[PDB]
């Protein structure tokens, strides 16, 4: 319900790399870490419950299937593998509920989304988070990551990123729970990391862009990919993600911090923004918005034997649904059938989930949070046939059931 402010920070793997190598003593790296100090401490004082974390993934967890606004709805996130194995970092926790409320308001506001769980976070996330948050135990806050498809064009327009941030504020503000939320926009600034133009930077544009983002962000919304990549490098045009975070903050903000360093490929920059509230009650109240967000599923309760696959349900059901989804892999059913206890013992299903499968408990799995298309798969591995699954859903048997056609 309460947005405290937002920070902007580069997401270069060099940040992760210099940290892991512990070069806080290093001539080059030392003043750069001192550049993160105001954000690190602010985050340690204000103590947000969740960081809504805008970043892009770097063809690691997103490639064969690649989406624009992909909202992490999962209960927890782990460092991804990038060819050198996962970093020595603990899993950071999610916020399925807050993710769920944001999901609902954004669809109401006509943004087409995508939801995902289980998949690691690469340097886009864990490079700066590793340096902004302490973690030799567990992370101090939760996260609702929002991974943006900025690498495969055509991608959303600059104004579309901004407008996303605009709805994002109203959703987060209308969350009827008493929490501090910060908003992160990661990536940039100037850099190009491919082709003969690799090496490119533009300190002047970087400074002009940061000042405009802070004090006149609407002046950037006419920016094309061509503009942003001419002035900032091809991969520097990922700064549209900074427009998104900026769009989620009060129209005016108190720019508490700005730092800039350009050791190597990437202009490593950092902004801290203090939210200045609402100098005017919203055009649509918090109450009205919660209405309109629930509207499409208003009533749905009053329909028996109906267990909609909402996001809470999907998160609840993710381990069982993922395991049953593995049936489409040929080798999987060559241990789901020959040796179902071995697959079980080597899996991470709670024992309750194993007994549900074991008993073929069809409507019991629908009750638990198994989607039927994961059962459709199950009934065509060991047995079984749809008429069976449909009958057990009403406790009937095949003959009595078949009497409707």
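Positions refer to the first chain, counted from 1.
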message: Taking the other PDB entries of this protein that cover both neighbours, check whether residue 390 lacks coordinates in at least a third of them.
response: no
query: What about residue 24, is it left unmodelled in a third or more of the other PDB entries we looked at?
result: yes
message: Tell me which stretch, 141 to 149 or 316 to 324, has the higher mean Cα B-factor listed in the entry.
response: 316 to 324
query: Of 157 to 165 and 81 to 89, which one has the bigger average CA B-factor?
result: 81 to 89
- prompt: Can you tell me which of 173, 215, 192, 285 has the highest Cα temperature factor in the record?
  reply: 285
message: Using only the C-alpha B-factors in the record, can you name which of 232, 247, 299, 124 has the highest?
response: 299
message: For the chain shown, is the CA B-factor of residue 180 in the lowest, middle or highest third of its modelled residues?
response: middle
field: Relative C-alpha B-factor of residue 133, binned into the chain's lowest, middle or highest third
entry: middle
query: So where's residue 38 on the chain's Cα temperature factor ranking, which third?
result: lowest
field: Assigned third (lowest, middle, highest) for the C-alpha B factor of residue 61
entry: middle
- prompt: Going by what the PDB entry lists, where does residue 281 fall on CA B-factor within its chain: lowest, middle or highest third?
  reply: highest
